[PDB]
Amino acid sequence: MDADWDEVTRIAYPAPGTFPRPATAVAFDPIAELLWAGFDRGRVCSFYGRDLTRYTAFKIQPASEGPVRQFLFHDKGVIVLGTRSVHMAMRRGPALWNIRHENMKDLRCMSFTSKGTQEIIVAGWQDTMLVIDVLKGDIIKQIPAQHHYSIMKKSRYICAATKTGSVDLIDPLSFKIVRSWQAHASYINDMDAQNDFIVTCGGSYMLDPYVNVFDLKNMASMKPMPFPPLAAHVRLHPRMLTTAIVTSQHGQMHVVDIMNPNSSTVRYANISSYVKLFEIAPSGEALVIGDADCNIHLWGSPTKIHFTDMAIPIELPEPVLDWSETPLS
């Protein structure tokens, strides 16, 4: 793709010196110019704009219940998945609701269903999936999980990565499994689903030298996209609907076209340790790569970078002669 793209911003969060625990989840907000990050001990914070200035922060679960698993976004605020609960907060911070249940034991992933953003389904390494009304903050119904799920992405179907290198294609209305796709031999490391494509990284600890590809429109697997440095993470481009960006474990990135795979653009992200997280902004004009040393690297064109379609400023707090203060008495 473009050529003037570079690392625009690098931050280290949590800050060095407490401690070396990287974000466990990250996502660009589609509605606000915010990057959301989740951490161990149930901590969330957001970062604003190209400089990634810390904005708001809140907790979603007791410290003992581990890491943040995933974000989803709604007009009303940010939905955050924990291990034994689901949280929803205003972008400006305050809690809207917090849902716990006996059947929420080991949640890993969630997706919107058939009602646009009105309804979500949450799932994990557990035998039950729970459907939630986002507006009311209520569990609507509970549905058996045919397999334990680690990752969910939604396009035509709810695409659910299993623990065995397969993806279940779930109907968002009936929740039946339409088709199962064996994307990699034994495990899936990463998955994205956008605009009738599924793309995956995975292996047979040992990653495959390609990104596997599934055509959701025609319901057939496609020829894998070769990636000799071994493919660790992948995201589909939100504006170039047949383009994906792939990275190795060490930050070598290839921009590739599913329809014309041999044509590719290569960039190198100078990360000090291996990749933990990799996300693209809804605008397609930014991406983040996070490493195991807690570095968060923001990439984009130094002049055009922005996260959302409408790059709006956000709700913030607000002399020669300025003498003086009276204490309460």
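Heads up: residue numbers just count along the shown sequence, starting at 1.
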| query | finding |
| --- | --- |
| Interresidue gap class [residue 18, residue 19; deposited sequence, unmodelled] | 1 to 3 |
| Unresolved deposited residues lying between neighbours residue 324 and residue 325 | 1 to 3 |
| Segment of higher mean CA temperature factor, 34 to 42 or 60 to 68 | 60 to 68 |
| Entry-level comparison of average CA B-factors, 262 to 270 and 22 to 30, reporting the higher stretch | 262 to 270 |
| Member of 251, 82, 203, 124 with the greatest C-alpha B factor (per the PDB record) | 203 |
| Peak C-alpha temperature factor (PDB record), options 74, 92, 179, 237 | 179 |
| Chain thirds of CA B-factor: placement of residue 295 | lowest |
| Ranked against its chain, the third holding the CA B-factor of residue 149 | lowest |
| Relative C-alpha B-factor of residue 276, binned into the chain's lowest, middle or highest third | lowest |
| Residue 135, C-alpha B-factor rank within chain (lowest, middle or highest third) | highest |
| CA B-factor ranking of residue 111, expressed as a third of its chain | lowest |
